[PDB]
Amino acid sequence: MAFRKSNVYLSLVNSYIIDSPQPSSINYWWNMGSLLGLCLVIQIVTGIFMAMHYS
Amino acid sequence: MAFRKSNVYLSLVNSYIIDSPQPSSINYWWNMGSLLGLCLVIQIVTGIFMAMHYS
Amino acid sequence: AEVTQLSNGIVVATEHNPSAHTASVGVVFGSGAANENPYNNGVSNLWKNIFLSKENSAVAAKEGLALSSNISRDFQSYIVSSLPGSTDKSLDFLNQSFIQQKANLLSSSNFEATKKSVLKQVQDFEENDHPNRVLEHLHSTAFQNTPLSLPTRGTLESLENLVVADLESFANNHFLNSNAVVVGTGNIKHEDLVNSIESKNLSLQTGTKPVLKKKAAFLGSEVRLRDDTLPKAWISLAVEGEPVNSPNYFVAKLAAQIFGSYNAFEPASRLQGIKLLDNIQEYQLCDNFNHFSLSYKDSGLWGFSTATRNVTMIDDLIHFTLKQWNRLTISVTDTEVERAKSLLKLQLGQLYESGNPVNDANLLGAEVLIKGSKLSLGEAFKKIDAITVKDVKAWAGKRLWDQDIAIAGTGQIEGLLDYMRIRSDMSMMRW
Amino acid sequence: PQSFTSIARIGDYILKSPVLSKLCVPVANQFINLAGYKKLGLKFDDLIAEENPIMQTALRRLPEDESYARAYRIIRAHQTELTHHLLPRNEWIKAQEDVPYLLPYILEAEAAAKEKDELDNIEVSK
Amino acid sequence: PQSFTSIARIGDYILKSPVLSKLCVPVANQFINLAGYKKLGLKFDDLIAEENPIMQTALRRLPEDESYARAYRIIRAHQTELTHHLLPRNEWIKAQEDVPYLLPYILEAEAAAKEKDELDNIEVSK
Amino acid sequence: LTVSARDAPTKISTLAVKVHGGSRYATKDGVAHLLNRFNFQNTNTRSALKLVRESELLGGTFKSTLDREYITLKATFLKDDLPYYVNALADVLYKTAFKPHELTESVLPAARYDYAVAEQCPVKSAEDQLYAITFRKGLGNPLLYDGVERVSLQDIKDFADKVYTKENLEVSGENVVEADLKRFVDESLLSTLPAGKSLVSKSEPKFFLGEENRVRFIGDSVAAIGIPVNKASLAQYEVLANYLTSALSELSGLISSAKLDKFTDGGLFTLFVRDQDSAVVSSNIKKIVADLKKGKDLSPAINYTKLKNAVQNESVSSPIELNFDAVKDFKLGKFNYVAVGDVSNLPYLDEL
Amino acid sequence: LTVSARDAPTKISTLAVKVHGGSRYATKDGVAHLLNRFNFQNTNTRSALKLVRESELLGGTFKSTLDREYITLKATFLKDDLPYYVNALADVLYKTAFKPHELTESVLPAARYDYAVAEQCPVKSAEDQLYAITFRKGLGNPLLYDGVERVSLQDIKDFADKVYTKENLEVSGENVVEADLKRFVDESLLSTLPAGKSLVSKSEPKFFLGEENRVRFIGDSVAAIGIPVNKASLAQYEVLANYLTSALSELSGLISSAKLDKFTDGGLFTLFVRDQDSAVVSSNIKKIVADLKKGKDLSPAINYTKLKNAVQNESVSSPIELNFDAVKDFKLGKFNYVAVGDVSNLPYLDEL
Ligand SMILES: CCCCCCCCCCC(=O)OC[C@H](COP(=O)(O)OC[C@H](O)COP(=O)(O)OC[C@@H](COC(=O)CC)OC(=O)CCC)OC(=O)CCCCCCCC
Ligand code: HEM
Ligand code: HEM
Ligand SMILES: COc1c(O)c(C)c(C/C=C(/C)CC/C=C(\C)CC/C=C(/C)CC/C=C(/C)CC/C=C(\C)CCC=C(C)C)c(O)c1OC
Ligand SMILES: COc1c(O)c(C)c(C/C=C(\C)CC/C=C(\C)CC/C=C(/C)CC/C=C(/C)CC/C=C(\C)CCC=C(C)C)c(O)c1OC
Ligand SMILES: CCCCCCCCCCCCCCCCCC(=O)O[C@H](COC(=O)CCCCCC)COP(=O)(O)OCCN
Ligand SMILES: CCCCCCCCCCCCCCCCCC(=O)O[C@H](COC(=O)CCCCCC)COP(=O)(O)OCCN
């Protein structure tokens, strides 16, 4: 089989990101969960760079 | 089947803590990995309670 | 081992073999299933069976004569076989019952009985012969809305509305001296066949067959015929290939021979020098496959067909096979080319030197109708031994690398992924 | 790791040579007695690591009667070791019983993997 | 959720009653036309949620010919909805075709689950 | 050791070694089928992988076949490479390895596949039964291995020593220079094989008439008859077979198959009726037997049989049955019968 | 409608309904086996679950059995609860539901299990074959359903209407007051069944002698013989069966089984020889037949047979074969034969 399916760590990426079966009819209202994950990355990264200068 | 095997979250506890097959002959040198996990909990908890008073 | 052609208004080809025990004589026409329309599709398959019906085969059996026929996309055949000292009787039967009189054959009773049997043949084919009906469906999605899409047996719906008038119309338009070749194989001399023909006069019709409005064109597409109750999945996949009378005719055949054919249950077939087999055998993703390179007058196809019981790992089978194809552009070795050279010679050396004169006649008549002449087997070998690695890489870079595909499948094909994830595997990204 | 084909090539050279065998064999015998795997009831071929394809192949080709005994020696040794005792001295493997019962199956599987693998990377003449 | 046994008990009471049926039926018909599931080519029993054991049982007991047609109506409706179109008006489900084809299989599986459950918690006399 | 060859101007050659080692000489049920699957495995001097790879680069392939009288080892190749394939077939007959892991991994799973494929065909089942009730322990032995009798590796190795003997062989070539084939054969290892003896019996076999067997089976139904044939009556039954399938016959549409199997000490005529409805099978087979018992003239099918016989005898040494001149007439005597399928609705022997 | 009962001072009662609806009356192969598995399923008035739960609290169970002549519906219960079980068996014969999901979920998987269990026993295979070659389409019909003939739900429902008819029934009770059983039966629903007719033939059956059959099988080997018996010769063969298994015989150690099956229009004597080595099976069966063809005196086994017959006829209406007085002598005439297993090493009929 393919490496993306055999490796312990990439197997989880493949099953969640690459080969995951999705219904054919989902609309753009199903895209908000992706955005909330980018939001959490924006806040954690911007906050750690400010904490270097905060008292 | 038992609830500890059917639930999404307890199934992981059962497979890692309860029903995990272990060799019959392992000695006390195989106990250090458990201690390193308690160590990390001691340091994170004690450190957060001090950070409340640190400048 | 040489063929001899003459012309009198009637083309006469012959491959004499003095050490054979039979002789075959027939007529080949240059019209097939790619010379009819969606309304009269199957009229040629019904012409074949009128030739092979009882009262015509009885009349031949009383004289010691056997009959045969074949329908393809570019040509049709009507052949008579006999013992070597009985060839003038073969020509007479072919004259009387076929070219001159046929009101005996197109009667009202013989036509209905023939139509009943042919409908049962086609209905049986569509319910039980899965590898062959998927390859016919491949032709119909690749060349849709074009003459090279129509099935050779006909379709059960178009075959029901045929009458004798459809047969007579098709005969007047295509069974013509300008569109015909008279053949002779086995223990038969060219001069004797020429002499026997001019003793008679032997002409069918004059000529002027119709020209075909549309030319064949390839289109990337897919057709899925899902049936969850069958125990396997059957799939075929191809790209556009080479026609007959192309400069890249033998290079495409060599490239198909590199990947070859496989049977999982035969021990010696598991030991072939094919690098794809190192990937499938560890989880056993298929039972068999075969690579083809098909060629017609206007276009061609290059690809493979497979059957498998492992319905949860279809995506690994298609993926690994298409990645091996990529290597023909990048990294094909010299050993893989020298192996395919000598196995291709053995392949077509067995096709052109079998012992059956019936197969000889079909091959000879089809080649002379296109090229006017037959290329000998000693000449074809020299073209194959002159191919290099550079010729293969140049051919593959033009015909395979990032090109559109056609796909057909039936059975348990839930695990066959969408078009664009298969199309993306035709290039690597890592070159 | 090192191949058993290479281990056997070096060993056979040492053994065929008279001077080297008189000099290297007594060292090897007392290396065996100091190791102490016989005192747990094991032959040496029980100790070879089995998580690789050449060694998985050799264990399938092994007869049934020799395979059942191997499983028992391995279970008995695990139990002897969790109790931190040794076996009775009348249950120790003797020297004449410590035979290479699995080596021929290993050398046969190795020679076939090398032949296959040379054939997949051949340089052809013209 | 509410049982189809209870849904049928309330409905039958409304329908047998003349005054209530003349008052509640026209509201129910135009509730059906405003919903718009026929315009995608679906009958109502296609819409019932199927992730529960009583409903999994009813779908096994369904004949093969009715089951193949249900699968096609559901695929056709998903494709109609991702394109954001409606079907042609000559392919809409008509009223006489919108029949409860699955209700008898549901009521039979529900009545058996209640009988089994009462028998597992019985109070016995002496 | 008998050698023979015919030349031609072609490109492809063919070489064959024939051994009287088929099922009718088998010590146990299925030992000739297994031996058939051992050849072209590893040799004492080279492996089965290297043989496939070397011959592919030269342009050639190998094949082995089994029937009730012969095991045939065949090679097909390009004309110039003759001495390579002579030496390869010789080593197969001389020094095959016969290792236990080959039996477990390759040979037995292949024999299992052959059997499982054949036992889904009811016509092939009817054919074994007719061979089993007509003849008993020679021609009637089973063809394929099914496991009802245990066959070990030493049993296979003892059978090979029995049948691979210099006086039991035939070497034949198509498009081969006979003077050069004889030279390469005498210098090969199959000139060193042990001289044993031939196993062909010049007795005739013993047969039985008036037998019957029924078998239950899910699928299509079959009804078949069988007649033994001696050497003098052989041309008569060949004409009958081709007559009954040709368009000269009124009942050729009711029959599925008819043939005559030829051996050097007789033959067996067989006829088959197959259909899915079991009332069709019964109505047909009763018409076939009622009409054949009354008589048929066969002289109209003499020249049609001469054609067919010449066609199927093309690449073959041809037991010469050149006596179709004196054939006229056939009337059905006594025969055997088998039924397969829905046997509760198929006829019995003494109501035919 | 015939009723009968015998009282006792015991605690447990037993009630049985017997119907001439066994395999010898079956329209298609296996329709009586399937009907046997439909009864005690859901009724129009109560479910199969409630029947099991209600009767458990009263102390009773139900059972249904099939043989070649009878379908028997049986109940076992505590003495006082008679009218409950009379009404329960009546509703089974009257208004069984016959729903399609019961066939798919319960009945067919159970019939599949019965068949798969039986086809692993070679003695039971030999017994069906002897019934199939001796008799053909009555007593020789198959017992269990195997699927070679497709049986639908309407076929089952039409068979039930054929055999569940008031003139085809027998009601019998053990430890039951006959005067009260008659009262409860006349007021039950089985007094409302349609009056059809009895299916017993008072003709004798037609039989055949001198037949043979061989079957290949992995496992143990069997050799069996069978003789048909008319009503007048019935006491003679009963003595023979018990003689050949008793210690009065020299060859009782070579036999595995021997019995006589009794019907109201004759019987079938059967004998079996079973072993794992196939040379043992052949050496024994040839000694059995050679010794029985010469003659045996049976008068020493008259009183031993009277004991055994009284033992097995304990709870039974007993076709009275009380004529062991006139039995002396038996000599083997003609018979049928079957072989199962390694049939390449088992004897043939005309060498016994
Ligand atoms: C920093 C603090 C961290 C806390 C824990 C550290 C523990 C690490 C010690 C190293 C180790 O884990 O291996 C110890 C090893 C013995 O392991 P073994 O399984 O082979 O023998 C099981 C025993 O026989 C049965 O012991 P049993 O289970 O029967 O009784 C328990 C024993 C408690 O012993 C322990 O806690 C082990 C740490 O009860 C008593 O001792 C009674 C006296 C009050 O002993 C040796 O092989 C050599 C030991 C000397 C070298 C130690 C130097 C380390 C720097
Ligand atoms: C879910 C993630 C977070 C949320 C929703 C959040 C929210 C906020 C908000 C609402 C403020 C006040 C904004 C204002 O100035 O008006 C704030 C301030 C602040 N946050 Fe966070 N925060 C998040 C994560 C973090 C993390 C991980 C850190 C440190 C590593 C951090 C560090 C700070 C600091 C230093 C300030 C000081 C005031 C400023 O710089 O604006 N934040 N945060
Ligand atoms: C792997 C976990 C950690 C390790 C190994 C570690 C290590 C240390 C060490 C060696 C010191 C200096 C000790 C000294 O005073 O001599 C220190 C100081 C300190 N650490 Fe951590 N630390 C860990 C986690 C944390 C976390 C998670 C926090 C905050 C939430 C924290 C907060 C502090 C603070 C406030 C000090 C100030 C000096 C003191 O209070 O001793 N530590 N740490
Ligand atoms: C329907 O199916 C879906 C699906 O549709 C989608 C969109 C996703 C993808 C969507 C997600 C929401 C998953 C994404 C994951 C998260 C949101 C968790 C993020 C967790 C964190 C711990 C984020 C922290 C990020 C860091 C970069 C921390 C490190 C900080 C650094 C490097 C800055 C400080 C460093 C220096 C040197 C100053 C799915 O996983 C999925 O499942 C099958
Ligand atoms: C071999 O089998 C084993 C095994 O042997 C062992 C030992 C373990 C056990 C565990 C480990 C080896 C390590 C795993 C440990 C972690 C991932 C540690 C995470 C650590 C933390 C410290 C999380 C802390 C989070 C908090 C919210 C606490 C911090 C602060 C608080 C509560 C202050 C706030 C309070 C108030 C009142 C405001 C296994 O899991 C295991 O399975 C494989
Ligand atoms: C949910 C929270 C935690 C779980 C996180 C899961 C998702 C994380 C995504 C990780 C990205 C991929 C990481 C590396 C993938 C390749 C690993 C590999 O090749 O395995 C090893 C190399 O070993 C390593 O060095 C691991 C380094 C880990 C790097 C830490 C980030 C070789 O590959 P291996 O043979 O083991 O794979 C088996 C398939 N045949
Ligand atoms: C996140 C770190 C990465 C590693 C994974 C972490 C896994 C460790 C988790 C530790 C165990 C937590 C105990 C869960 C208790 C059982 C949950 C349960 O009852 O499931 C649900 C109810 O749970 C809830 O409503 C919310 C639970 C929130 C828990 C937040 C801690 C019961 O529902 P159900 O019976 O269907 O079981 C699920 C079957 N898949």
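For ligands, and for the atoms within them, numbers begin at 1 and follow the listed sequence. Here is how names work: the chains are called A, B, and so on, in the same order as the sequence lines, proteins then strands, and each is numbered from 1.
Counting heavy atoms of neighbouring residues, nucleotides and ligands inside a 6.0 Å radius, atom NZ of E:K39 does not exceed 12 of them. For F:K50, the NZ atom sits in a loose shell: 12 or fewer heavy atoms of surrounding residues, nucleotides or ligands are nearer than 6.0 Å.
Near A:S34, meaning under 4.0 Å from any of its heavy atoms, are these atoms of ligand 4: 7 (C). For ligand 4, the atoms closer than 4.0 angstrom to any heavy atom of A:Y16 are 41 (C), 42 (O), 43 (C). Proximity to A:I48 (heavy-atom distance under 4.0 Å) selects the following atoms of ligand 4: 34 (C). Set against the non-hydrogen atoms of A:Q22, the atoms of ligand 4 under 4.0 Å away are 1 (C). Annotation for ligand 4: atoms under 4.0 Å from non-hydrogen atoms of A:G33 are 12 (C). Atoms of ligand 3 lying under 4.0 Å from at least one heavy atom of B:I48, given by number and element, are 30 (C). Close approach to A:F49 involves these atoms of ligand 4, each under 4.0 Å from a residue heavy atom: 38 (C). Atoms of ligand 4 lying under 4.0 Å from at least one heavy atom of A:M52, given by number and element, are 38 (C).
The six-membered or imidazole ring of C:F304 lies near that of C:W325, with a centre-to-centre distance under 6.0 Å. The aromatic ring centroids of C:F265 and F:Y113 lie less than 6.0 Å from each other.
Using a 4.0 Å threshold on non-hydrogen atoms, atom 17 (C) of ligand 4 counts as touching the protein. Distance remark: protein heavy atom not present below 4.0 angstrom from atom 32 (C) of ligand 4. Of the protein's heavy atoms, at least one falls inside 4.0 Å of atom 29 (C) of ligand 3. At least one protein heavy atom sits closer than 4.0 Å to atom 1 (C) of ligand 4. Under the 4.0 Å distance rule, the nearest protein heavy atom to atom 38 (C) of ligand 4 falls inside the cut-off. Within the 4.0 Å cut-off (strictly below), no protein heavy atom is located near atom 14 (C) of ligand 3. Remark: atom 13 (C) of ligand 4 lies closer than 4.0 Å to no protein heavy atom. Atom 40 (O) of ligand 3 is approached by the protein to below 4.0 angstrom, counting heavy atoms only. Protein non-hydrogen atoms do not reach within 4.0 Å of atom 5 (O) of ligand 4. Taking a distance limit of 4.0 Å, we find that atom 19 (C) of ligand 3 is approached by no protein heavy atom.
Under a 3.5 Å cut-off, the side chain of C:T308 and the backbone N or O of C:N310 do form a donor-acceptor pair. A distance-only check finds no donor-acceptor pair linking the side chain of D:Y105 to the backbone of D:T57 [under 3.5 Å]. Panel note: side chain F:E56, backbone C:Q272; no donor-acceptor pair is recorded below 3.5 Å. Without hydrogens or angle criteria, C:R270 side chain to C:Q281 main chain gives no donor-acceptor distance under 3.5 Å.
Here the heavy atom of the protein found nearest to atom 27 (C) of ligand 4 is A:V45 CG2, 4.0 Å. Among protein heavy atoms, the minimum distance from atom 42 (N) of ligand 3 is reached at B:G47 CA, 4.4 Å. Distance from atom 34 (C) of ligand 3 to its nearest protein heavy atom, with residue and atom name: B:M50 CE, 4.5 Å. Among all non-hydrogen protein atoms, the one lying nearest atom 23 (C) of ligand 4 is A:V41 CG2, 4.2 Å. Among protein heavy atoms, atom 40 (O) of ligand 4 sits closest to A:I17 CD1, 4.1 Å. Among protein heavy atoms, atom 2 (C) of ligand 3 sits closest to B:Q43 CB, 3.7 Å. When only non-hydrogen protein atoms are considered, atom 1 (C) of ligand 3 lies nearest to B:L40 CD1, 3.9 Å.
A pairwise comparison of heavy atoms in D:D45 and D:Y101 identifies OD2-N, 3.2 Å as the closest pair. Here the closest non-hydrogen pair linking C:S261 and C:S269 is O-OG, 4.2 Å. The nearest pair of heavy atoms linking D:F4 to D:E110 is N-OE2, 3.4 Å. The minimum heavy-atom distance linking B:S15 with B:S20 is given by the pair O-CB, 3.6 Å. Between D:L102 and D:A58 the shortest heavy-atom distance is CD1-O, 3.8 Å.
Heavy-atom proximity to atom 28 (C) of ligand 4, evaluated over A:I18, A:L12, A:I44, A:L40, is greatest for A:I44.
Side-chain atoms of C:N288 and C:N263 form no donor-acceptor pair, as typed in the model, at a separation below 3.5 Å. No hydrogens or angles considered: a donor-acceptor pair under 3.5 Å links the side chains of F:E102 and F:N42. Judged purely by distance below 3.5 Å, without hydrogens or angles, the side chains of C:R327 and C:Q324 pair a donor atom with an acceptor atom. Between the side chains of C:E336 and C:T333, at least one donor-acceptor pair of N or O atoms lies under 3.5 Å.
The pair C:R421-C:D425 does not count as a salt bridge, with every side-chain nitrogen at least 4.0 angstrom from each carboxylate oxygen. In this structure, E:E50 pairs ionically with E:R70, as a charged nitrogen and a carboxylate oxygen lie closer than 4.0 Å.
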Output block, N or O contacts of ligand 6, threshold 3.5 Å exclusive:
from, atom 1, to, atom 2, distance (Å)
ligand 6, 37 (O), A:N7, ND2, 3.1
ligand 6, 40 (N), A:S6, OG, 3.3

